[PDB]
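Q: Following this line is protein-v8.pdb, made up of PDB, C-alpha atoms:
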```
MODEL        1
ATOM      1  CA  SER O   6     -21.067 -23.945 -54.962  1.00  0.00           C
ATOM      2  CA  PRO O   7     -18.686 -24.158 -51.921  1.00  0.00           C
ATOM      3  CA  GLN O   8     -19.788 -25.994 -48.815  1.00  0.00           C
ATOM      4  CA  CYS O   9     -18.588 -25.844 -45.192  1.00  0.00           C
ATOM      5  CA  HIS O  10     -19.804 -27.324 -41.903  1.00  0.00           C
ATOM      6  CA  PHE O  11     -20.231 -26.792 -38.168  1.00  0.00           C
ATOM      7  CA  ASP O  12     -20.295 -29.691 -35.701  1.00  0.00           C
ATOM      8  CA  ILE O  13     -22.332 -28.684 -32.689  1.00  0.00           C
ATOM      9  CA  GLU O  14     -22.347 -29.720 -28.987  1.00  0.00           C
ATOM     10  CA  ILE O  15     -24.944 -28.482 -26.501  1.00  0.00           C
ATOM     11  CA  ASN O  16     -23.595 -28.791 -22.911  1.00  0.00           C
ATOM     12  CA  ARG O  17     -20.892 -31.018 -24.385  1.00  0.00           C
ATOM     13  CA  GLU O  18     -23.442 -33.415 -25.942  1.00  0.00           C
ATOM     14  CA  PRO O  19     -22.713 -33.920 -29.684  1.00  0.00           C
ATOM     15  CA  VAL O  20     -25.976 -33.035 -31.488  1.00  0.00           C
ATOM     16  CA  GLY O  21     -24.967 -33.109 -35.156  1.00  0.00           C
ATOM     17  CA  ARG O  22     -23.498 -31.337 -38.154  1.00  0.00           C
ATOM     18  CA  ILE O  23     -24.929 -28.265 -39.930  1.00  0.00           C
ATOM     19  CA  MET O  24     -23.931 -28.267 -43.554  1.00  0.00           C
ATOM     20  CA  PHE O  25     -23.958 -24.954 -45.517  1.00  0.00           C
ATOM     21  CA  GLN O  26     -24.130 -24.250 -49.237  1.00  0.00           C
ATOM     22  CA  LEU O  27     -22.634 -20.808 -50.020  1.00  0.00           C
ATOM     23  CA  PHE O  28     -23.661 -18.699 -52.977  1.00  0.00           C
ATOM     24  CA  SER O  29     -20.231 -17.444 -53.982  1.00  0.00           C
ATOM     25  CA  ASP O  30     -21.422 -16.427 -57.430  1.00  0.00           C
ATOM     26  CA  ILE O  31     -23.647 -13.673 -56.131  1.00  0.00           C
ATOM     27  CA  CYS O  32     -21.715 -12.828 -52.942  1.00  0.00           C
ATOM     28  CA  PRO O  33     -18.077 -13.781 -53.499  1.00  0.00           C
ATOM     29  CA  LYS O  34     -16.578 -11.460 -50.859  1.00  0.00           C
ATOM     30  CA  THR O  35     -19.117 -12.461 -48.181  1.00  0.00           C
ATOM     31  CA  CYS O  36     -18.712 -16.233 -48.856  1.00  0.00           C
ATOM     32  CA  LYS O  37     -14.898 -15.970 -48.885  1.00  0.00           C
ATOM     33  CA  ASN O  38     -15.014 -14.386 -45.421  1.00  0.00           C
ATOM     34  CA  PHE O  39     -17.368 -17.121 -44.088  1.00  0.00           C
ATOM     35  CA  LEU O  40     -15.299 -19.886 -45.653  1.00  0.00           C
ATOM     36  CA  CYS O  41     -12.022 -18.543 -44.269  1.00  0.00           C
ATOM     37  CA  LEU O  42     -13.649 -18.319 -40.818  1.00  0.00           C
ATOM     38  CA  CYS O  43     -14.510 -21.996 -41.113  1.00  0.00           C
ATOM     39  CA  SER O  44     -10.927 -23.041 -42.032  1.00  0.00           C
ATOM     40  CA  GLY O  45      -9.306 -20.457 -39.740  1.00  0.00           C
ATOM     41  CA  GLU O  46      -6.650 -20.135 -42.453  1.00  0.00           C
ATOM     42  CA  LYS O  47      -6.274 -16.315 -42.157  1.00  0.00           C
ATOM     43  CA  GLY O  48      -4.765 -16.384 -38.646  1.00  0.00           C
ATOM     44  CA  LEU O  49      -5.223 -13.543 -36.099  1.00  0.00           C
ATOM     45  CA  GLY O  50      -7.869 -10.808 -36.451  1.00  0.00           C
ATOM     46  CA  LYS O  51      -6.338  -7.407 -37.294  1.00  0.00           C
ATOM     47  CA  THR O  52      -8.484  -5.348 -34.941  1.00  0.00           C
ATOM     48  CA  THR O  53      -9.294  -8.056 -32.428  1.00  0.00           C
ATOM     49  CA  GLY O  54      -6.044 -10.081 -32.153  1.00  0.00           C
ATOM     50  CA  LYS O  55      -8.156 -13.234 -31.872  1.00  0.00           C
ATOM     51  CA  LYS O  56      -8.034 -16.195 -34.285  1.00  0.00           C
ATOM     52  CA  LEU O  57     -10.260 -15.613 -37.309  1.00  0.00           C
ATOM     53  CA  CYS O  58     -12.066 -18.922 -36.848  1.00  0.00           C
ATOM     54  CA  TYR O  59     -15.512 -20.206 -35.818  1.00  0.00           C
ATOM     55  CA  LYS O  60     -14.129 -23.273 -34.023  1.00  0.00           C
ATOM     56  CA  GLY O  61     -14.863 -22.889 -30.291  1.00  0.00           C
ATOM     57  CA  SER O  62     -17.344 -20.055 -30.942  1.00  0.00           C
ATOM     58  CA  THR O  63     -20.996 -20.206 -29.638  1.00  0.00           C
ATOM     59  CA  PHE O  64     -24.527 -19.350 -30.666  1.00  0.00           C
ATOM     60  CA  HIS O  65     -25.145 -16.399 -28.384  1.00  0.00           C
ATOM     61  CA  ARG O  66     -28.604 -15.249 -29.542  1.00  0.00           C
ATOM     62  CA  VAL O  67     -31.631 -17.467 -30.073  1.00  0.00           C
ATOM     63  CA  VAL O  68     -35.170 -16.393 -31.012  1.00  0.00           C
ATOM     64  CA  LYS O  69     -37.671 -19.228 -31.389  1.00  0.00           C
ATOM     65  CA  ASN O  70     -39.488 -19.102 -34.750  1.00  0.00           C
ATOM     66  CA  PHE O  71     -37.171 -16.408 -36.008  1.00  0.00           C
ATOM     67  CA  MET O  72     -33.463 -17.150 -36.113  1.00  0.00           C
ATOM     68  CA  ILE O  73     -30.322 -18.374 -34.391  1.00  0.00           C
ATOM     69  CA  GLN O  74     -27.148 -16.208 -34.294  1.00  0.00           C
ATOM     70  CA  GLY O  75     -23.470 -16.899 -33.743  1.00  0.00           C
ATOM     71  CA  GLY O  76     -19.953 -16.027 -34.985  1.00  0.00           C
ATOM     72  CA  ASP O  77     -18.823 -13.625 -32.268  1.00  0.00           C
ATOM     73  CA  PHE O  78     -15.481 -15.288 -31.731  1.00  0.00           C
ATOM     74  CA  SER O  79     -13.905 -12.418 -29.774  1.00  0.00           C
ATOM     75  CA  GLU O  80     -16.594 -11.602 -27.238  1.00  0.00           C
ATOM     76  CA  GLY O  81     -19.252 -14.342 -27.479  1.00  0.00           C
ATOM     77  CA  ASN O  82     -22.048 -11.807 -26.783  1.00  0.00           C
ATOM     78  CA  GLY O  83     -22.829  -9.940 -29.958  1.00  0.00           C
ATOM     79  CA  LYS O  84     -20.359  -7.098 -29.455  1.00  0.00           C
ATOM     80  CA  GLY O  85     -17.380  -8.790 -31.129  1.00  0.00           C
ATOM     81  CA  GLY O  86     -15.974 -10.551 -34.154  1.00  0.00           C
ATOM     82  CA  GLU O  87     -14.545  -9.062 -37.350  1.00  0.00           C
ATOM     83  CA  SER O  88     -13.973 -10.070 -40.963  1.00  0.00           C
ATOM     84  CA  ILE O  89     -10.809 -11.433 -42.636  1.00  0.00           C
ATOM     85  CA  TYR O  90     -10.469  -8.020 -44.312  1.00  0.00           C
ATOM     86  CA  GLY O  91      -9.794  -6.249 -40.975  1.00  0.00           C
ATOM     87  CA  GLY O  92     -12.755  -4.873 -39.020  1.00  0.00           C
ATOM     88  CA  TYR O  93     -15.977  -4.605 -41.015  1.00  0.00           C
ATOM     89  CA  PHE O  94     -16.753  -4.797 -44.748  1.00  0.00           C
ATOM     90  CA  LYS O  95     -19.531  -3.295 -46.920  1.00  0.00           C
ATOM     91  CA  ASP O  96     -22.953  -4.850 -47.660  1.00  0.00           C
ATOM     92  CA  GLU O  97     -21.986  -6.729 -50.834  1.00  0.00           C
ATOM     93  CA  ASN O  98     -25.517  -6.674 -52.323  1.00  0.00           C
ATOM     94  CA  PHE O  99     -29.061  -7.496 -51.308  1.00  0.00           C
ATOM     95  CA  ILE O 100     -30.008  -9.686 -54.251  1.00  0.00           C
ATOM     96  CA  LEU O 101     -30.992 -12.777 -52.220  1.00  0.00           C
ATOM     97  CA  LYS O 102     -34.122 -12.415 -50.066  1.00  0.00           C
ATOM     98  CA  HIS O 103     -35.049 -13.952 -46.680  1.00  0.00           C
ATOM     99  CA  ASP O 104     -37.777 -15.851 -48.488  1.00  0.00           C
ATOM    100  CA  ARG O 105     -37.394 -19.171 -46.690  1.00  0.00           C
ATOM    101  CA  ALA O 106     -36.244 -20.953 -43.579  1.00  0.00           C
ATOM    102  CA  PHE O 107     -32.583 -21.986 -43.098  1.00  0.00           C
ATOM    103  CA  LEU O 108     -30.951 -19.143 -44.968  1.00  0.00           C
ATOM    104  CA  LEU O 109     -27.539 -17.921 -43.797  1.00  0.00           C
ATOM    105  CA  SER O 110     -27.284 -14.161 -43.605  1.00  0.00           C
ATOM    106  CA  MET O 111     -24.897 -11.563 -42.092  1.00  0.00           C
ATOM    107  CA  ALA O 112     -25.653 -10.077 -38.650  1.00  0.00           C
ATOM    108  CA  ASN O 113     -24.818  -6.334 -38.514  1.00  0.00           C
ATOM    109  CA  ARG O 114     -25.293  -3.088 -36.554  1.00  0.00           C
ATOM    110  CA  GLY O 115     -26.311  -0.858 -39.467  1.00  0.00           C
ATOM    111  CA  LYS O 116     -25.085  -0.359 -43.034  1.00  0.00           C
ATOM    112  CA  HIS O 117     -21.665  -1.754 -43.914  1.00  0.00           C
ATOM    113  CA  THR O 118     -20.859  -3.356 -40.571  1.00  0.00           C
ATOM    114  CA  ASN O 119     -20.387  -6.987 -41.646  1.00  0.00           C
ATOM    115  CA  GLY O 120     -17.820  -8.786 -39.515  1.00  0.00           C
ATOM    116  CA  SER O 121     -17.947 -12.459 -38.582  1.00  0.00           C
ATOM    117  CA  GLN O 122     -21.370 -12.709 -36.947  1.00  0.00           C
ATOM    118  CA  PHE O 123     -24.080 -14.511 -38.999  1.00  0.00           C
ATOM    119  CA  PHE O 124     -27.564 -15.812 -38.306  1.00  0.00           C
ATOM    120  CA  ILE O 125     -29.676 -18.696 -39.677  1.00  0.00           C
ATOM    121  CA  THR O 126     -33.405 -17.973 -40.090  1.00  0.00           C
ATOM    122  CA  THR O 127     -36.033 -20.578 -39.245  1.00  0.00           C
ATOM    123  CA  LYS O 128     -38.762 -18.846 -41.248  1.00  0.00           C
ATOM    124  CA  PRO O 129     -39.182 -16.304 -44.099  1.00  0.00           C
ATOM    125  CA  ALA O 130     -38.216 -12.840 -42.793  1.00  0.00           C
ATOM    126  CA  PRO O 131     -38.921 -10.352 -45.595  1.00  0.00           C
ATOM    127  CA  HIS O 132     -38.626  -7.317 -43.314  1.00  0.00           C
ATOM    128  CA  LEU O 133     -34.864  -8.130 -43.301  1.00  0.00           C
ATOM    129  CA  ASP O 134     -34.515  -7.783 -47.101  1.00  0.00           C
ATOM    130  CA  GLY O 135     -32.127  -4.930 -48.009  1.00  0.00           C
ATOM    131  CA  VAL O 136     -30.895  -4.950 -44.384  1.00  0.00           C
ATOM    132  CA  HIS O 137     -28.874  -8.197 -43.975  1.00  0.00           C
ATOM    133  CA  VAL O 138     -26.863  -9.776 -46.756  1.00  0.00           C
ATOM    134  CA  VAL O 139     -28.099 -13.356 -47.529  1.00  0.00           C
ATOM    135  CA  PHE O 140     -25.272 -15.516 -48.864  1.00  0.00           C
ATOM    136  CA  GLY O 141     -25.997 -19.178 -48.170  1.00  0.00           C
ATOM    137  CA  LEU O 142     -28.404 -21.909 -47.217  1.00  0.00           C
ATOM    138  CA  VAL O 143     -28.389 -24.818 -44.747  1.00  0.00           C
ATOM    139  CA  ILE O 144     -28.695 -28.039 -46.701  1.00  0.00           C
ATOM    140  CA  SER O 145     -28.307 -30.530 -43.862  1.00  0.00           C
ATOM    141  CA  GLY O 146     -28.669 -30.492 -40.068  1.00  0.00           C
ATOM    142  CA  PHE O 147     -32.205 -29.119 -39.753  1.00  0.00           C
ATOM    143  CA  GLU O 148     -32.752 -31.088 -36.532  1.00  0.00           C
ATOM    144  CA  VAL O 149     -29.683 -29.323 -34.994  1.00  0.00           C
ATOM    145  CA  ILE O 150     -31.108 -25.915 -35.892  1.00  0.00           C
ATOM    146  CA  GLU O 151     -34.476 -26.979 -34.338  1.00  0.00           C
ATOM    147  CA  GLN O 152     -32.775 -28.104 -31.192  1.00  0.00           C
ATOM    148  CA  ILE O 153     -30.758 -24.863 -30.793  1.00  0.00           C
ATOM    149  CA  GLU O 154     -33.847 -22.738 -31.638  1.00  0.00           C
ATOM    150  CA  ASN O 155     -35.862 -24.324 -28.785  1.00  0.00           C
ATOM    151  CA  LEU O 156     -33.312 -23.657 -26.030  1.00  0.00           C
ATOM    152  CA  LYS O 157     -34.347 -21.599 -22.974  1.00  0.00           C
ATOM    153  CA  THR O 158     -32.946 -18.090 -23.202  1.00  0.00           C
ATOM    154  CA  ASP O 159     -32.668 -15.153 -20.840  1.00  0.00           C
ATOM    155  CA  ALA O 160     -34.290 -11.711 -21.300  1.00  0.00           C
ATOM    156  CA  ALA O 161     -31.566 -10.754 -23.810  1.00  0.00           C
ATOM    157  CA  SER O 162     -32.363 -13.934 -25.853  1.00  0.00           C
ATOM    158  CA  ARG O 163     -29.017 -15.454 -24.775  1.00  0.00           C
ATOM    159  CA  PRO O 164     -29.278 -19.289 -24.301  1.00  0.00           C
ATOM    160  CA  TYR O 165     -28.332 -20.452 -20.812  1.00  0.00           C
ATOM    161  CA  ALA O 166     -26.847 -23.695 -22.162  1.00  0.00           C
ATOM    162  CA  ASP O 167     -23.446 -23.901 -23.851  1.00  0.00           C
ATOM    163  CA  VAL O 168     -24.098 -24.004 -27.628  1.00  0.00           C
ATOM    164  CA  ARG O 169     -20.714 -24.700 -29.054  1.00  0.00           C
ATOM    165  CA  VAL O 170     -19.239 -24.972 -32.582  1.00  0.00           C
ATOM    166  CA  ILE O 171     -16.870 -27.774 -31.619  1.00  0.00           C
ATOM    167  CA  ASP O 172     -15.466 -28.159 -35.112  1.00  0.00           C
ATOM    168  CA  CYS O 173     -15.976 -26.549 -38.494  1.00  0.00           C
ATOM    169  CA  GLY O 174     -14.258 -26.627 -41.859  1.00  0.00           C
ATOM    170  CA  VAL O 175     -14.481 -26.171 -45.620  1.00  0.00           C
ATOM    171  CA  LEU O 176     -15.454 -29.149 -47.777  1.00  0.00           C
ATOM    172  CA  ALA O 177     -13.525 -30.239 -50.892  1.00  0.00           C
TER     173      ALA O 177
ENDMDL
END
```
Could I get this structure in the form of structure tokens?

A:
Amino acid sequence: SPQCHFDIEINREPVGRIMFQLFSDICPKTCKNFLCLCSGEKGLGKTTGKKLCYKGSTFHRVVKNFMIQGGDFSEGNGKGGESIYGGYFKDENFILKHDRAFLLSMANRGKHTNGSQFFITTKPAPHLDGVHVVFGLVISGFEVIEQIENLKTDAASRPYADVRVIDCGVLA
């Protein structure tokens, strides 16, 4: 099972590393996208012209007791990002359920609109089953997730503080 990490700073304070386990058996296309966004190895986005990489991206949507969301590397507000395939790719499958906290799952705007945005749940969310593709699990950095989850947000659930992926990468 491949692994990859984010190193997080909040307002430039280093707060720790989130380590992900990806389930590339069940969701190979989805995990390959997420992995390549961690290494940045695929270069410039085909529809966005921005680097296909999470490094320097933010968490732009936070809902306490629900989830934290990031990966919009082109707009930082939920409107952007795209996959390594060029624009969006199909919902690979909905085999894995949102049956626990700390799952990694694809953000979307309807069927088959997977790009680069992802979210991490902080509780079971079964109403999302068959809606968002689950492809991974956080296996370390729970305190980081907690910290991000408790940030003050505005009316659009956007954190006021800078929640920054300062580094990220694929593990051996």

Q: I would like the residues chosen by the PyMOL selection byres ((chain O and resi 82) around 12) on the shown file; could you give them as JSON, numbers by chain?

A: {"O": [62, 63, 64, 65, 66, 67, 74, 75, 76, 77, 78, 79, 80, 81, 83, 84, 85, 86, 122, 161, 162, 163, 164]}

Q: Any idea what's packed within 8 Å of region 107-116 of chain O, counting all atoms listed in the file, ignoring anything in its chain fewer than 5 positions away? Could you give it as a count of residues only?

A: 20

Q: Calculate how many Å separate CA of residue 72 (chain O) from CA of residue 154 (chain O), rounding to one decimal.

A: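 Distance reported for this atom pair: 7.2 Å.
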
Q: Could you check which of O:132, O:69, O:117, O:60 is closest to residue 44 (chain O), using all atoms listed in the file?

A: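 Among the listed residues, the smallest separation from residue 44 (chain O) belongs to O:60.
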
Q: How many Å separate CA of residue 173 (chain O) from CA of residue 9 (chain O)?

A: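 Straight-line distance from CA of residue 173 (chain O) to CA of residue 9 (chain O) works out to 7.2 Å.
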
Q: Could you tell me how far CA of residue 130 (chain O) lies from CA of residue 16 (chain O), in Å and to one decimal?

A: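 These atoms are spaced 29.4 Å apart.
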
Q: From the options O:26, O:167, O:175, O:134, which residue's atoms come nearest to residue 153 (chain O), counting all atoms listed in the file?

A: O:167

Q: Which residue is closest to residue 38 (chain O)? Choose from O:97, O:148, O:159, O:104 and count only C-alpha atoms.

A: O:97

Q: Which is closest to residue 58 (chain O) among O:27, O:177, O:170, O:15, if we use only C-alpha atoms?

A: O:170

Q: For each of O:90, O:176, O:73, O:149, take the minimum atom-to-atom distance to residue 6 (chain O), counting all atoms listed in the file, then give the residue where this is smallest.

A: O:176

Q: Show me the residues around (-24.9, -9.0, -52.7) - criterion: an atom at most 6 Å away, only C-alpha atoms counted - as a VMD selection string.

A: chain O and resid 31 to 32 97 to 100

Q: Name all residues at most 6 Å from residue 171 (chain O) (count all atoms listed in the file; drop same-chain ones fewer than 5 positions away) and give them as an MDAnalysis selection string.

A: chainID O and resid 12:13 60:61

Q: So, with only C-alpha atoms as the atoms that count, which of O:106, O:24, O:68, O:89 lies closest to residue 42 (chain O)?

A: O:89

Q: Write out N, CA, C and O atoms for region 38-57 of chain O, as a PDB file, in the coordinates of the input.

A:
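Output file part-v7.pdb follows:
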```
ATOM      1  N   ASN O  38     -15.105 -14.664 -46.848  1.00  0.00           N
ATOM      2  CA  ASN O  38     -15.014 -14.386 -45.421  1.00  0.00           C
ATOM      3  C   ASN O  38     -15.533 -15.582 -44.608  1.00  0.00           C
ATOM      4  O   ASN O  38     -14.801 -16.098 -43.736  1.00  0.00           O
ATOM      5  N   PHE O  39     -16.755 -16.070 -44.921  1.00  0.00           N
ATOM      6  CA  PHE O  39     -17.368 -17.121 -44.088  1.00  0.00           C
ATOM      7  C   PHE O  39     -16.542 -18.392 -44.217  1.00  0.00           C
ATOM      8  O   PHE O  39     -16.226 -19.068 -43.201  1.00  0.00           O
ATOM      9  N   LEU O  40     -16.140 -18.700 -45.443  1.00  0.00           N
ATOM     10  CA  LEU O  40     -15.299 -19.886 -45.653  1.00  0.00           C
ATOM     11  C   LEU O  40     -13.986 -19.839 -44.889  1.00  0.00           C
ATOM     12  O   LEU O  40     -13.617 -20.819 -44.274  1.00  0.00           O
ATOM     13  N   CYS O  41     -13.297 -18.696 -44.934  1.00  0.00           N
ATOM     14  CA  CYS O  41     -12.022 -18.543 -44.269  1.00  0.00           C
ATOM     15  C   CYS O  41     -12.200 -18.625 -42.753  1.00  0.00           C
ATOM     16  O   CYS O  41     -11.316 -19.105 -42.046  1.00  0.00           O
ATOM     17  N   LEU O  42     -13.343 -18.152 -42.256  1.00  0.00           N
ATOM     18  CA  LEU O  42     -13.649 -18.319 -40.818  1.00  0.00           C
ATOM     19  C   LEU O  42     -13.926 -19.753 -40.432  1.00  0.00           C
ATOM     20  O   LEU O  42     -13.780 -20.156 -39.249  1.00  0.00           O
ATOM     21  N   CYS O  43     -14.318 -20.567 -41.419  1.00  0.00           N
ATOM     22  CA  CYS O  43     -14.510 -21.996 -41.113  1.00  0.00           C
ATOM     23  C   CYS O  43     -13.166 -22.732 -41.109  1.00  0.00           C
ATOM     24  O   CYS O  43     -12.977 -23.629 -40.289  1.00  0.00           O
ATOM     25  N   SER O  44     -12.234 -22.361 -42.014  1.00  0.00           N
ATOM     26  CA  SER O  44     -10.927 -23.041 -42.032  1.00  0.00           C
ATOM     27  C   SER O  44      -9.983 -22.424 -41.006  1.00  0.00           C
ATOM     28  O   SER O  44      -9.042 -23.079 -40.538  1.00  0.00           O
ATOM     29  N   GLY O  45     -10.190 -21.151 -40.688  1.00  0.00           N
ATOM     30  CA  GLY O  45      -9.306 -20.457 -39.740  1.00  0.00           C
ATOM     31  C   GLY O  45      -7.975 -20.101 -40.384  1.00  0.00           C
ATOM     32  O   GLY O  45      -7.041 -19.668 -39.704  1.00  0.00           O
ATOM     33  N   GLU O  46      -7.905 -20.260 -41.714  1.00  0.00           N
ATOM     34  CA  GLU O  46      -6.650 -20.135 -42.453  1.00  0.00           C
ATOM     35  C   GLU O  46      -6.025 -18.728 -42.422  1.00  0.00           C
ATOM     36  O   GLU O  46      -4.844 -18.589 -42.705  1.00  0.00           O
ATOM     37  N   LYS O  47      -6.798 -17.694 -42.103  1.00  0.00           N
ATOM     38  CA  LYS O  47      -6.274 -16.315 -42.157  1.00  0.00           C
ATOM     39  C   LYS O  47      -5.576 -15.852 -40.876  1.00  0.00           C
ATOM     40  O   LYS O  47      -5.043 -14.763 -40.846  1.00  0.00           O
ATOM     41  N   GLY O  48      -5.610 -16.656 -39.815  1.00  0.00           N
ATOM     42  CA  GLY O  48      -4.765 -16.384 -38.646  1.00  0.00           C
ATOM     43  C   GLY O  48      -5.443 -15.407 -37.694  1.00  0.00           C
ATOM     44  O   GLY O  48      -6.634 -15.513 -37.473  1.00  0.00           O
ATOM     45  N   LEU O  49      -4.694 -14.444 -37.148  1.00  0.00           N
ATOM     46  CA  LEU O  49      -5.223 -13.543 -36.099  1.00  0.00           C
ATOM     47  C   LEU O  49      -5.945 -12.354 -36.672  1.00  0.00           C
ATOM     48  O   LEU O  49      -5.470 -11.771 -37.647  1.00  0.00           O
ATOM     49  N   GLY O  50      -7.090 -12.006 -36.072  1.00  0.00           N
ATOM     50  CA  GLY O  50      -7.869 -10.808 -36.451  1.00  0.00           C
ATOM     51  C   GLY O  50      -7.056  -9.536 -36.306  1.00  0.00           C
ATOM     52  O   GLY O  50      -6.349  -9.356 -35.304  1.00  0.00           O
ATOM     53  N   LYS O  51      -7.139  -8.650 -37.300  1.00  0.00           N
ATOM     54  CA  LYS O  51      -6.338  -7.407 -37.294  1.00  0.00           C
ATOM     55  C   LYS O  51      -6.742  -6.382 -36.253  1.00  0.00           C
ATOM     56  O   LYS O  51      -5.903  -5.608 -35.778  1.00  0.00           O
ATOM     57  N   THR O  52      -8.027  -6.323 -35.936  1.00  0.00           N
ATOM     58  CA  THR O  52      -8.484  -5.348 -34.941  1.00  0.00           C
ATOM     59  C   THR O  52      -8.740  -6.047 -33.652  1.00  0.00           C
ATOM     60  O   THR O  52      -8.759  -5.408 -32.620  1.00  0.00           O
ATOM     61  N   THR O  53      -8.980  -7.360 -33.694  1.00  0.00           N
ATOM     62  CA  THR O  53      -9.294  -8.056 -32.428  1.00  0.00           C
ATOM     63  C   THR O  53      -8.120  -8.814 -31.824  1.00  0.00           C
ATOM     64  O   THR O  53      -8.094  -9.003 -30.612  1.00  0.00           O
ATOM     65  N   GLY O  54      -7.166  -9.252 -32.648  1.00  0.00           N
ATOM     66  CA  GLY O  54      -6.044 -10.081 -32.153  1.00  0.00           C
ATOM     67  C   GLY O  54      -6.506 -11.483 -31.730  1.00  0.00           C
ATOM     68  O   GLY O  54      -5.818 -12.182 -30.986  1.00  0.00           O
ATOM     69  N   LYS O  55      -7.694 -11.894 -32.168  1.00  0.00           N
ATOM     70  CA  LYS O  55      -8.156 -13.234 -31.872  1.00  0.00           C
ATOM     71  C   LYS O  55      -8.180 -14.010 -33.200  1.00  0.00           C
ATOM     72  O   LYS O  55      -8.375 -13.413 -34.273  1.00  0.00           O
ATOM     73  N   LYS O  56      -8.018 -15.326 -33.118  1.00  0.00           N
ATOM     74  CA  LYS O  56      -8.034 -16.195 -34.285  1.00  0.00           C
ATOM     75  C   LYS O  56      -9.312 -16.000 -35.099  1.00  0.00           C
ATOM     76  O   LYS O  56     -10.406 -16.078 -34.554  1.00  0.00           O
ATOM     77  N   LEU O  57      -9.145 -15.722 -36.390  1.00  0.00           N
ATOM     78  CA  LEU O  57     -10.260 -15.613 -37.309  1.00  0.00           C
ATOM     79  C   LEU O  57     -10.813 -17.005 -37.597  1.00  0.00           C
ATOM     80  O   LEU O  57     -10.538 -17.605 -38.641  1.00  0.00           O
TER      81      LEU O  57
END
```
